[PDB]
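Residue-level structure breakdown
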Number of protein chains: 2
Amino acid sequence: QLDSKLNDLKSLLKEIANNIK
Amino acid sequence: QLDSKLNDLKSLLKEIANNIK
């Protein structure tokens, strides 16, 4: 569960890059 | 495998910075 939570934290902020551009 | 997956998530988004600039 903790590993999945860290994965979720990493993934949720991946979109923002394309939102920036 | 889970640690490597988290590492891959961290690494895949490292390039974008230079793509931003």
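Structure determination for this entry is recorded as cryo-EM, at 3.42 Å resolution.

Bringing the interface of chain B and chain A into the picture now. Many analyses report the size of an interface as the accessible area lost when the parts associate. On the side of chain A, six residues touch chain B, which itself brings four residues to the contact. Considered class by class, the residues forming the side of chain B that touches chain A number four nonpolar, no polar and no charged.

Overlay of chain B on chain A (RMSD 0.0 Å): rotation 90 degrees, translation along the axis 0.1 Å. Here the transformation between the copies is reduced to the relation of a four-fold axis. Considering only C-alpha atoms, the residue of chain B closest to the rotation axis is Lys10 of chain B, which sits at 4.9 Å.

What counts, and where the lines are drawn
Here every chain is numbered from 1 following its written sequence, which may not line up with the entry's numbers; residues without coordinates are dropped from view. Labels are handed out in written order, letters beginning with A for the chains and numbers beginning with 1 for the ligands. Each value listed here was derived from the chains shown, which are themselves a piece of a larger assembly. Working from all heavy atoms in the structure, the side-chain values ignore hydrogens and water. Residues with missing side-chain atoms are left out of burial classes, side-chain pairs and their counts. The contact definition used throughout considers only heavy atoms, calling two residues in contact when any of these lie within 4.5 Å. In this count, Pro and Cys sit with the nonpolar residues alongside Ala, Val, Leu, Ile, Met, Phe, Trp and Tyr, while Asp, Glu, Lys and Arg are called charged and the others, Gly among them, polar. Here the copies share a common frame obtained from a least-squares superposition of their C-alpha atoms.

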